[PDB]
Amino acid sequence: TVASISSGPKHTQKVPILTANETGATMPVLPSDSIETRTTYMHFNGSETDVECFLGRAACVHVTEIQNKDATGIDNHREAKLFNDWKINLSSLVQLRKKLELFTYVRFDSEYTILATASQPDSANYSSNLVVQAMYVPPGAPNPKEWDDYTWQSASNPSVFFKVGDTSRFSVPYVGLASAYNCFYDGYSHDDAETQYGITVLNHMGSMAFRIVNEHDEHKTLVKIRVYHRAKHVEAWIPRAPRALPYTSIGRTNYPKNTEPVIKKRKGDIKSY
Amino acid sequence: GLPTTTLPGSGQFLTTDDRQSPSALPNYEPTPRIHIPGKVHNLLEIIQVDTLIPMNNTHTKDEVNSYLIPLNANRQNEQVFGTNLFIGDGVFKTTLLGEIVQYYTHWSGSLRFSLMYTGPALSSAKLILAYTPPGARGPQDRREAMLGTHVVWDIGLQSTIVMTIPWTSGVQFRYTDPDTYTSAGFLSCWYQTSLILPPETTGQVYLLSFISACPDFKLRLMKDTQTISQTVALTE
Amino acid sequence: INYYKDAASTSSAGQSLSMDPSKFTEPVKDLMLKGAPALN
Amino acid sequence: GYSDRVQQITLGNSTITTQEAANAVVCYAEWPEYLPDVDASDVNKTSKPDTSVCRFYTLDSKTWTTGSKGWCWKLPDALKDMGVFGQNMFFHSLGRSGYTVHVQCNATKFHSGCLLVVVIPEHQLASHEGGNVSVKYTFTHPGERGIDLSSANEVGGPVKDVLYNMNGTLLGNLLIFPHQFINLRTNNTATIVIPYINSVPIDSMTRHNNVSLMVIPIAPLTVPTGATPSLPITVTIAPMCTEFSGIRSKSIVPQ
Amino acid sequence: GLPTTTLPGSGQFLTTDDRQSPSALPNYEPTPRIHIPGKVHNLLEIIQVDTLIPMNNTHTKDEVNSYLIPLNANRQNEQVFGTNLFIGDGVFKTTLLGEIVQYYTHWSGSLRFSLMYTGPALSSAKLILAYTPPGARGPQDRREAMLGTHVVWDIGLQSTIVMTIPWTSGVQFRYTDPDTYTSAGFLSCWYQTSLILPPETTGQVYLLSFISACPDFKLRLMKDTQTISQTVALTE
Amino acid sequence: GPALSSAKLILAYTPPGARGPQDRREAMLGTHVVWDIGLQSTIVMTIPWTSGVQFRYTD
Amino acid sequence: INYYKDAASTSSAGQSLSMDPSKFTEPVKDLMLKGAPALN
């Protein structure tokens, strides 16, 4: 492939460099339309800018935490982190959001990877070996109420058992009601005068419930869960302007008030170098 | 039972791998795809669309006005604007090109810089745009500027002029984050003759300026952008 | 070799090697030729 | 003697002529078309009023003055009250449509000024409150009036800051969306053909707008000496290939 | 010894896997299969059999009577019953259809709603059943109702009427657990003319109503049912 | 008008059955042409024959 | 590839792709045609 062809002096009536940008086109002008060039080859394919590659590496999408401790006398397991949810996202941790929101519509298979590490902040004789259980108690699915409810039987509901310190991997097809996931949605769930706005209406896919299967030892053990997400089989439609201001909320476009100028001011003139 | 040996790296999680993993919910069944206009396949497809450069960066809070390069009637010999070409920083940085370049470590290729004139139709002007390849200082006067890559632009019916910064380089890749060894030059613009307004007309006229990449362009070695960060996880 | 039955479980896809910027760079109704005048 | 410059669009019982055009944009290089069976889901036969809905409606005019910040209309909202298009809209459960948008602004060879005319698929607005404040329904359904970016923040309304496109992105990059400029010195109209763009084959016309049309002054209007300091901008829009499905009782929507 | 590397996920137990495992008791030998009528292969086979809907839900303890929709002689213009179509909740919820739908997250397809009349043979009646697609309110009077999907039913020799709620939807799947965006409409029924009893006869007559799915139907993404739970393990 | 002026007018034909339009909104919903004043000096609008009965009276 | 000798040790079975609701939806002795009267 040639990156530049050889081209010499020109004295024509045919001027490729004068255009009318009002038309909305970006005319494909090249170095050889306005200087004299020599042949050179590309030596490159643009492999690593493919959208499959761009969205295809694991990104941290969520960090939560649960603890193993005596539940005796706990009136609210959920509240004691005796177990804990995660309202499936992908727009909470902004690093992968900007990436994703570079596109309007987007379709991609999935591959989740869960790392769990334990901490024992206060005096323990040892480090126990805990098994985590991760489950999908979606829309219709009985939500766990205690850390050892009938829910955890999860006999129809997928659920993972791995050891703290290890990692739990698995993948998932596109479980989005429509043909693509909306990165943006300028609508409502119905014509209500007060209903919510954004995509918070669509992004319906229940939550993930984590818990330790082990009963309690004498000390307490903090287990912190990190969920990583990798898109596989990606398809993206309609590019948009990149995100400039900071994010404030999952699912709304809102930016913070009295934000700071995002364009760097010159130290000098327009004329400055 | 077949005998195996495990190598160094067993059990590691590399976020940049591409191996198989079981399907949590088998026999599922995705929803069919329907047709949607606009599919993107490569980021190289989109960085060829031009977008406006806030060249007039001199303000103090972001304003529509930093997209406008002003022009003065009757000045002769003088300089319209100047900038270095660190596409990952400075004026370029918020443009779509600048914004994508920042997802990669290295770039190579030609850039297309165009200026669209917005003055009254009955006015006229001749400007010179000059590209100064690495190695010399930003030009200080047109004489200096005109000895490097340049285009005399004659403002006419055809409203825009497309200047190309041809890839001039020893090393075949430059860093997107500004680096010296790897630096690309300067871009300046001067009156060639001068802007002239018709009667009954007055004041400043402005040029809009765009930037996009030539088909020439290469970007490689993906990394994280300095353009976005956060202090606590967001919630709904 | 796929070891698994479902398609979601296969590795990353392979390069589009599609690439056609004209839907984005030249969505004009009447075709513009480089070198010919923009507005006739 | 054909110029890129003169054009005629006849759609239904209405025709537009421009003698100073700058080509026309067809979003994503695709022209509006009806919904194919292979893409269909709802089993209902659809209704295609054709020429009674696919004609040109001219919205009320705006006034560009030196202080203007820009205006924003949503589709199909802007047309919610135009003739039979609108009736069909409130009466069917689902509908689908593409449009021809023609924005008009003429001046003289002594004026200067340049407007950006852009179509943004799925333009989800931001609340000026920040945090996770929502933007109430009424605020994103201004009707033919559209939203005036130089009007004041209101409560439950969107933010109207132009350098941020009403969503946290910079004005400068709107050029990645199908768009066309109106530069008084060149141009006097802008025309964009919009194919139907959605993640579902057909949708509700009232709970979801699928494009915002935005007209934004970028190079300020500058009139000749002792000229009146303003110009009107007119927007005329025509639904094209419209289909309605799931007819019934007639939606009642807030406000 | 062949060199290997283990990946992330090694040692995990995913209750949704399909791999091989050794046979605890080899060379065993199962008992032969004999023929048994009634084999089921798909849950889609059984949700097409219709079952009764406790439409008359207004009681206070479960009774045979909530299966009976009453009809009054001589009323004109008035409304016989109304319900939304959240097949995973409310009247539908205990029906076989409702009961299976609850094992899945998403459903799509047409529903078949039929009414069998049980009044004396010498009586007569004309009813209108109306389906109101998402987007409008439950109809408030027949005029409103008759502008959407409807069937005038004439009570005759043929005892049942089968109304179909054709799949009317933007999005190709809806949630089985009630959700707004995803909601399906309303179903109402009104006197078209009115029930008329023969002489020597009196009181209320009832309609029985059934629900089953059309062959159209799709259910996907299995999950756990809210319809059953427990607090301690059972024993013998 | 002078050659250096410009204007955009709408001409509308309203078929029998409605009143003479009272504002452009009303007018623009019937047969109409947006005329852009340019180099080409004249605009030709056609009142297409819209009628139930195939002849009308001249009086 | 089965690694094991016994049939119980193989993975899950593969979709019946049988599907015939008529034993449940139309177990009538004399065949009913849709469109013809139910009771003659």
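By letter and in written order, the chains are A, B, C, D, E, F and G; residue numbering begins at 1 in each of them.
Heads up, the rule we're going with is that a contact is a pair of C-beta atoms (placed from the backbone, for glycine too) under 8 Å apart; a residue touches a chain by one contact, two chains touch by 3 or more.
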*Show which chains lie in contact with chain B and also with chain G.*
E
*Within the chain touch network, how many edges lie on the shortest path between chain D and chain F?*
1
*Please compute the C-alpha centroid of chain A, do the same for chain C, then give the distance between them in whole Å.*
24
*asked:* Taking the mean of the CA coordinates per chain, how far is chain B from chain E in Å?
replied: 58
*Whole-Å separation of chain centres (CA-atom averages), chain D against chain G*: 54
*From the C-alpha centre of chain E to that of chain F, how far is it in Å?*
58
*Residue numbers of chain C (touch at least two other chains)*: 5-6, 8-12, 16, 19, 23-28, 32, 37-39
*Mind pulling the chain E residues that touch 2 or more other chains?*
7-10, 14, 16, 18, 135, 171-173, 221-222
*asked:* Two or more other chains touching the same residue: where does that happen in chain A?
replied: 15-16, 18-29, 33, 46, 50-51, 53, 56, 104-105, 113, 136, 158, 166-167, 169-175, 177-180, 189-191, 195, 232, 238-239, 241-244, 247-251, 262-263
_Every chain pair meeting the contact rule_ = A-B, A-C, A-D, A-E, B-C, B-D, B-E, C-D, D-E, D-F, E-G
*Using the touch rule from the top, collect the residues of chain G that touch chain E in their complex.*
2-6, 8-12, 16, 18-21, 23-25, 37-39
*Which bits of chain D are touching chain A when the two form their complex?*
4, 22-23, 25, 28, 74, 120-138, 140, 159, 164-165, 167-170, 173-174, 176-183, 186-187, 192, 197, 199-200, 204, 206-210, 212, 251-255
*For the complex, which residues does chain E have touching chain A?*
7-16, 88, 102-103, 105-106, 135, 171-177, 179-183, 221-226, 229-231
*chain D-facing residues of chain C, complex*: 22-24, 26-30, 32, 38-40
_Touching residues on chain D, where the partner in the complex is chain C_ = 2-5, 22-30, 176, 178, 186, 191, 193
